[PDB]
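Have a look at the structure below before the remarks.
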Amino acid sequence: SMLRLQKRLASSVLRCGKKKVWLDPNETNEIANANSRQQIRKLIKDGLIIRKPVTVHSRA
Amino acid sequence: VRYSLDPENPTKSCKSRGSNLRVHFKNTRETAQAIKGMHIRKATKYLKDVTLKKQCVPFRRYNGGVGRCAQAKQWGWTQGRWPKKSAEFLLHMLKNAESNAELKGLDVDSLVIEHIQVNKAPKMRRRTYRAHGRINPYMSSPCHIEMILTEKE
Amino acid sequence: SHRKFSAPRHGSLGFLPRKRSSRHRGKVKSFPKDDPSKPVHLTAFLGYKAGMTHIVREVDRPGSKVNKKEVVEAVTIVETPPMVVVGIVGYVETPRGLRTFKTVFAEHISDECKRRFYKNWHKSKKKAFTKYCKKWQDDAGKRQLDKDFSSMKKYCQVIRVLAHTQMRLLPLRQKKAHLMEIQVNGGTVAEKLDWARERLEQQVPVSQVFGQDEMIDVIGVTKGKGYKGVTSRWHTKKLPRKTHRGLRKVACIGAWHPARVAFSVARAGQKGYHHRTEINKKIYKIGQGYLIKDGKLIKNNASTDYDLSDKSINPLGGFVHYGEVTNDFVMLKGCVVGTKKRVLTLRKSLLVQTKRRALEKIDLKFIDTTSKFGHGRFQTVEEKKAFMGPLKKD
RNA sequence: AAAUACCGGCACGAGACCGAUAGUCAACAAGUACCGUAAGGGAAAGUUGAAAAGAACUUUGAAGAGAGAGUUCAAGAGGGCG
RNA sequence: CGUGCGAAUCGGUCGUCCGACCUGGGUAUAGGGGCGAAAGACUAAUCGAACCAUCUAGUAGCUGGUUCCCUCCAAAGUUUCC
RNA sequence: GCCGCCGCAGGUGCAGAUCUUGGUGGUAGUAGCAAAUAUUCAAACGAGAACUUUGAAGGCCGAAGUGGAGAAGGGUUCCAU
RNA sequence: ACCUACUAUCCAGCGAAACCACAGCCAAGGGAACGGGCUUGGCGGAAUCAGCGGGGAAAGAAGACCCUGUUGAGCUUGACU
RNA sequence: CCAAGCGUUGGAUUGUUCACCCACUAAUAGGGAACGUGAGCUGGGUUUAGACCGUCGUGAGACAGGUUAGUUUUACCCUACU
Ligand SMILES: [Mg+2]
Ligand SMILES: [Mg+2]
């Protein structure tokens, strides 16, 4: 429904930009009702969010 | 309150009203005078044609800056547009009037609209900014609508 | 004040009503006058422009600088389908105008003629001319046509025959025929009526109507372009770069004391889709249509006296957005008014054509038939394959 | 000290003065709101019903917005309502 | 563009760019006065004498307007002077 | 709440004054929603999604940025329901 | 002479300003000595859309030119005090 | 004479109206439209102030005597045209 708050909090936890962040689009209503950072750490321990890798720059 | 047209018979006829609608006065009056003298099923089919952009409303009095079209050749006029928002509000008004006829205990297919009127309303106040610091208005033109249904076989 | 460095104008006065015309077919304004000295023939004919190509011919005229030499010119192709006659119509000479009396139709009216009356050919149940054809199998219907033969003898002077083009031979998308009135030059009224009764529901040939090397008139409709400006239509002098409010407009239109404006100054408006009439076009060759006897087809149209081959006028890969010319064709001088797939009216000459330049038999030498699409350099497929040899998957 | 002056203030009375664009600019949470960097400038604005008896009850509709009822002498007084 | 994004903006386009280079904060200079590489140039969207209040309802042989009815009488563009 | 009659008094009679305030029209559904490249599909709470959400693809700003932080200035503009 | 983009045109939603004695088919005559309105002669037969600038002595500002008023300001001199 | 049907150029200079020259042709004839003509263009010179030289005025200034650069707004309303 609205994940602009959780994207900013995920960027603040992972200590990078919000561009290289991949959320889990399966259960949006189950992920969105967290309301705390302990649930965010629980989702990180479960392994739903993924830090997206850096776009490559081939020096060959 | 005192109305414009008194009903001939309170048993057969019925009335309904709509107040403070954000629609244009000219377009609302033109679609009201267009839909004033038809059957209710033909009116719903005409609203489906307006929604699908199949039959437009000709503009005979307020004829300025409107391109010509072939779909208004049924009425006998060149200009024509589709008042979609006014059409949706009058569709809700005919639905409310059909519910009023159902509350009165009236027949469905025999209802014919007889009278409809578009009266003025107090206008809102907003503005926009232009060059050299001169305030120019951006005012609307709302309207009040009343309509009468009557069973005629 | 007057103009110091004078220049009259840039424009035409004979064509100043530049409006889109209601008529579609090019109508003959001035018909040829009949006389008993001429035999029975037709005045005008209706055809369709097909293409355009080169020509090789021999010039022979006295006193010119170029004499007994070979030149090339641009020649047209006008496909001339035969027409079906659906009757005649009379016209009585009144002091008010030229009024008709009675329209006589044929018995077997063609479906291409019936398509003109109906707007939707699929939805209609074909109810026209159902009780009118009941006059052909009874005595009461034939007595009405016999009494009209003597009534039109006294008063009706001009008798125009009604024809329509045969679209069945053409493979085009349209199927609707164009009706046309053609005045008959010939003998008396009785001979004209007998010739019309004999030629009722008959095919109209091209060679009996128009012949060789006659300076004929061409009537056609200009191809439309759209709403264009005064510079695009009249082609006047343009304004230089230093102008502020545009440089492709008319600068001075009126003045102070002529407070109104007239049509003397060139104005903008509708360009294209207008009626025109071209004159003095020389006929070179009346081509022959396709015919098949005993299997072997005959298509010797591009085969001139010096061609020493046997092939048609169809180029390599067909025509450009036209189709194929299945019927017979004629070949004229210059360029006619109109475009591709546009109707065209051929008309006999009104003025007595007696000129030294326009009276010469044209020796047909060579007709260039190559692919105008791209860069064609071959006449026929067997010559191109003889030049190119084998291919990859032969 | 005596009879002389009073336009501001402390308590009133009276009027051939005016009556909501009038009368003090301001009859109401008026030098108040507001504008200008500042000395400064300076507004708009009364009349429900005697009495709130301010509309319970049914239906359309997501709600807005309608259609029947009730009060009272009258809604011909419907929450910006002489 | 020119009833603008703008009560003075943008594109092509330049003069200059280690020295007569631009300038962030505090302070001095105010109106027949100040400042001024000198243009009555500038001094808060206003500078051949800044803004506001008072005298002031200053003066005007000069323009603009100045509101019911009915009846009777019925004009001059000049003599002389400043 | 008001009229006539006998005397008296006036801030007592409007069509204008580029008159004052307020209200309303033709215009007119006209002109207009163009300074700076670019978005396209699946699902979703919700009656309702060219503009909002996530997932994917294609790009722009190119370290003198369409980046992060300060001072003047603004004064809850920060966050939750 | 030709092409692209931004335009302009039509549809959904929204939606001004200027101007306004009243309206805008003509020629001749006269006039405050150049009128759409007066007279005489020609004509005029619903309603709108995209251009154009000939006219509306098109809007602007009690003319920025000249003169006068027993109207004001600055400079300057051996005018006067 | 009938007679305005159809025709009556290019370039060096001058801001130039006007005027001069060259080459050519058929003639290179003469004019009006509110000094035809800016909500049709152009500002070269006049025609806002800035400066130069020469004359006159003691003095602020004046020179049919010049030089040089000097901000051009809007039709979408009606008629007429297409
Ligand atoms: Mg080709
Ligand atoms: Mg020249």
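Quick mapping for you: the protein sequence lines, in order, are chains Z, R and S.
Residues in the first sequence are numbered consecutively from 1483, following the numbering used here.
Residues in the second sequence are numbered consecutively from 131, following the numbering used here.
Residues in the third sequence are numbered consecutively from 16, following the numbering used here.
The C-beta atom is built at its ideal place from N, Cα and C for all residues, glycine as well.
Original post:
In terms of residue numbering, what span does the beta strand (DSSP E) encompassing residue 106 (chain S) cover?
Top reply: Residue mapping note: residue 106 (chain S) aligns to position 91 of the third sequence, counting from 1. First-last of the beta strand (DSSP E) with residue 106 (chain S): 98-108.
Subject >> Closer than 6 Å: residue 387 (chain S) CB and nearest ligand 1 heavy atom >> reply: Locating residue 387 (chain S) in the third sequence gives position 372, counting from the first residue. The closest heavy atom of ligand 1 lies less than 6 Å from the beta carbon of residue 387 (chain S).
**OP:** Would you give the residue range spanned by the beta strand (DSSP E) that residue 147 (chain R) belongs to?
**Re:** Start at 1 with the first residue of the second sequence, and residue 147 (chain R) comes out as number 17. From DSSP, the beta strand (DSSP E) with residue 147 (chain R) extends over 144-151.
**OP:** List in chain order: all unbroken alpha helix (DSSP H) runs of 4+ residues lying wholly within the region 148-173 of chain S.
**Re:** Inside the region 148-173 of chain S, DSSP marks whole alpha helix (DSSP H) runs of 4 or more residues at positions 154-169, from first to last along the chain.
Subject >> Which residues DSSP lists as bridging residue 236 (chain S), in chain order >> reply: Here residue 236 (chain S) refers to the residue found at position 221 of the third sequence. S:290.
Original post:
What is the rounded straight-line gap between the Cα of residue 209 (chain R) and the Cα of residue 267 (chain R)?
Top reply: Counted from its first residue, the second sequence places residue 209 (chain R) at position 79. Counted from its first residue, the second sequence places residue 267 (chain R) at position 137. Distance between the alpha carbons of residue 209 (chain R) and residue 267 (chain R) is about 29 Å.
Subject >> residue 126 (chain S) to residue 35 (chain S) span [Cα, whole Å] >> reply: Along the third sequence, read from residue 1 onward, the residue named residue 126 (chain S) stands at position 111. Along the third sequence, read from residue 1 onward, the residue named residue 35 (chain S) stands at position 20. A direct Cα-Cα distance of roughly 30 Å separates residue 126 (chain S) from residue 35 (chain S).
**OP:** Would you list the one or two residues that DSSP bridges to residue 319 (chain S)?
**Re:** In the third sequence, counting from the first residue as 1, residue 319 (chain S) sits at position 304. Paired residue(s): none; residue 319 (chain S) is not in a bridge.
Subject >> Cβ pair residue 182 (chain S), residue 190 (chain S) closer than 7 Å >> reply: Stepping through the third sequence from its first residue, residue 182 (chain S) is reached at position 167. Stepping through the third sequence from its first residue, residue 190 (chain S) is reached at position 175. Yes, the pair counts as a contact, with Cβ atoms nearer than the cut-off.
Original post:
If residue 319 (chain S) and residue 382 (chain S) are in contact, beta carbons under 8 Å, what's the gap, nearest whole angstrom?
Top reply: By one-based count along the third sequence, residue 319 (chain S) stands at place 304. By one-based count along the third sequence, residue 382 (chain S) stands at place 367. With a Cβ gap of about 6 Å, residue 319 (chain S) and residue 382 (chain S) count as contacting.
Subject >> Inter-residue spacing [alpha-carbon to alpha-carbon] between residue 78 (chain S) and residue 378 (chain S) >> reply: As a working note, residue 78 (chain S) is residue 63 in the third sequence. As a working note, residue 378 (chain S) is residue 363 in the third sequence. Cα-Cα distance, rounded: 20 Å.
Original post:
For residue 28 (chain S), does the three-state DSSP call read helix, strand or coil?
Top reply: As a working note, residue 28 (chain S) is residue 13 in the third sequence. Of the three classes helix, strand and coil, the one that applies to residue 28 (chain S) here is coil, per DSSP.
Original post:
Does the distance from the CB of residue 281 (chain R) to the CB of residue 240 (chain R) come in under 7 Å?
Top reply: By one-based count along the second sequence, residue 281 (chain R) stands at place 151. By one-based count along the second sequence, residue 240 (chain R) stands at place 110. Yes, the pair counts as a contact, with Cβ atoms nearer than the cut-off.
**OP:** Leaving out five residues on either side along the sequence, give the residues of the same chain with a beta carbon under 8 Å from the beta carbon of residue 193 (chain R).
**Re:** Counted from its first residue, the second sequence places residue 193 (chain R) at position 63. Only 209 meet the Cβ criterion.
Original post:
For residue 143 (chain R), does the count of other Cβ atoms within 10 angstroms reach 16, so buried, or fall short, so exposed?
Top reply: Here residue 143 (chain R) refers to the residue found at position 13 of the second sequence. Of the residues assessed, residue 143 (chain R) falls on the buried side of the cut-off, its CB having 16 or more other CB atoms within 10 angstroms.
**OP:** With DSSP collapsed to three states, give me the class of residue 144 (chain S).
**Re:** Taking the third sequence and counting its residues from 1, one reaches residue 144 (chain S) at position 129. In this structure, residue 144 (chain S) counts as coil in the three-state DSSP scheme.
Original post:
Going by C-alpha distance, which of S:406, S:349, S:390, S:366 is nearest residue 70 (chain S)?
Top reply: Taking the third sequence and counting its residues from 1, the one referred to as residue 70 (chain S) is at position 55. That would be S:349, whose Cα lies nearest to the Cα of residue 70 (chain S).
Subject >> Cutoff 6 Å; reference residue 280 (chain S); Cβ partners in own chain excluding five residues on either side >> reply: Here the question's residue 280 (chain S) lines up with position 265 in the third sequence. Result list for residue 280 (chain S): 268, in chain order.
Original post:
With C-beta atoms as the reference, is residue 218 (chain S) less than 7 Å away from residue 58 (chain S)?
Top reply: The residue given as residue 218 (chain S) occupies position 203 in the third sequence. The residue given as residue 58 (chain S) occupies position 43 in the third sequence. No.
**OP:** Tell me whether residue 408 (chain S) sits in a helix, a strand or coil according to DSSP, three-state version.
**Re:** The residue labelled residue 408 (chain S) in the question sits at position 393 within the third sequence. DSSP, reduced to helix, strand and coil, places residue 408 (chain S) outside both helices and strands of the structure shown, so it counts as coil.
**OP:** Throw me the rounded Cβ distance for the residue 61 (chain S) and residue 121 (chain S) pair, which I believe falls under 8 Å.
**Re:** The count along the third sequence starts at 1 and reaches residue 61 (chain S) at position 46. The count along the third sequence starts at 1 and reaches residue 121 (chain S) at position 106. With a beta-carbon spacing of about 18 Å, residue 61 (chain S) and residue 121 (chain S) fall beyond the 8 Å limit used to define contacts.
Subject >> Cβ neighbour criterion (16 or more within 10 Å) applied to residue 261 (chain R) >> reply: One-based indexing of the second sequence puts residue 261 (chain R) at position 131. Residue 261 (chain R) comes out exposed.
Original post:
Assuming residue 236 (chain S) contacts residue 353 (chain S) under a Cβ cut-off of 8 Å, what Cβ separation, rounded to an integer in Å, is found between them?
Top reply: Taking the third sequence and counting its residues from 1, the one referred to as residue 236 (chain S) is at position 221. Taking the third sequence and counting its residues from 1, the one referred to as residue 353 (chain S) is at position 338. Rounded, the Cβ-Cβ distance is 6 Å, consistent with contact.
Original post:
Measuring CA to CA, which of S:265, S:196, S:247 is closest to residue 285 (chain S)?
Top reply: Against the third sequence, residue 285 (chain S) aligns to sequence position 270. Taking only the C-alpha atoms, the option nearest residue 285 (chain S) is S:247.
Original post:
Rounded to a whole number of angstroms, what is the C-alpha to C-alpha distance between residue 246 (chain R) and residue 159 (chain R)?
Top reply: Taking the first residue of the second sequence as 1, we reach residue 246 (chain R) at position 116. Taking the first residue of the second sequence as 1, we reach residue 159 (chain R) at position 29. C-alpha of residue 246 (chain R) to C-alpha of residue 159 (chain R): approximately 9 Å in a straight line.
Subject >> Three CB pairs or more closer than 8 Å across the region 206-221 of chain R and the region 178-193 of chain R >> reply: As far as the Cβ criterion goes, the region 206-221 of chain R touches the region 178-193 of chain R, which means the pair count is three or higher.
Original post:
In this structure, does DSSP put residue 329 (chain S) in helix, strand or coil?
Top reply: The sequence position of residue 329 (chain S) within the third sequence is 314, counting from 1. Residue state, collapsed to three classes: coil.
**OP:** Output the boundary residues of the alpha helix (DSSP H) element that contains residue 171 (chain R).
**Re:** Position 41 of the second sequence holds residue 171 (chain R). Residue 171 (chain R) -> alpha helix (DSSP H) spans 170-181.
Original post:
Which value, in whole angstroms, describes the spacing of the CA atoms of residue 1486 (chain Z) and residue 1518 (chain Z)?
Top reply: Sequence index remark: in the first sequence, residue 1486 (chain Z) carries index 4 (1-based). Sequence index remark: in the first sequence, residue 1518 (chain Z) carries index 36 (1-based). Cα-Cα distance, rounded: 15 Å.
**OP:** Return the Cβ separation of residue 1514 (chain Z) and residue 1493 (chain Z) in integer angstroms, given the expectation that the two are a contact with Cβ distance under 8 Å.
**Re:** Looking up residue 1514 (chain Z) in the first sequence gives position 32. Looking up residue 1493 (chain Z) in the first sequence gives position 11. About 16 Å separates the two Cβ atoms, so there is no contact after all.
**OP:** If I'm right that residue 472 (chain S) touches residue 337 (chain S) with Cβ under 8 Å, what's the distance once you round it to whole angstroms?
**Re:** Any property of residue 472 (chain S) remains undetermined from this structure, which presents chain S solely from 16 to 409.
Original post:
Using the rule of at least 16 other Cβ atoms within 10 Å of the residue's Cβ for burial, across every protein chain shown, is residue 157 (chain R) buried or exposed?
Top reply: Counting from 1 along the second sequence, the entry for residue 157 (chain R) is found at position 27. Buried: at least 16 other Cβ atoms inside 10 Å.
Original post:
Which whole-angstrom value is the C-beta distance of residue 359 (chain S) and residue 63 (chain S), which I expect to be below 8 Å?
Top reply: Your numbering for residue 359 (chain S) matches position 344 in the third sequence. Your numbering for residue 63 (chain S) matches position 48 in the third sequence. Between residue 63 (chain S) and residue 359 (chain S) the Cβ distance is about 6 Å, and since that is below 8 Å, they are a contact.
**OP:** In angstroms with no decimal places, state the Cα-to-Cα distance between residue 1495 (chain Z) and residue 1542 (chain Z).
**Re:** Counting from 1 along the first sequence, the entry for residue 1495 (chain Z) is found at position 13. Counting from 1 along the first sequence, the entry for residue 1542 (chain Z) is found at position 60. For residue 1495 (chain Z) and residue 1542 (chain Z), the distance between alpha carbons rounds to 35 Å.
Original post:
Does the region 132-143 of chain R come close enough to the region 250-260 of chain R to have 3 or more Cβ pairs within less than 8 Å?
Top reply: Verdict: no, contact absent.
Original post:
When the Cα of residue 306 (chain S) is compared with those of S:184, S:335, S:392, which residue comes out closest?
Top reply: Looking up residue 306 (chain S) in the third sequence gives position 291. For the set S:184, S:335, S:392, the Cα lying nearest the Cα of residue 306 (chain S) is the one of S:184.
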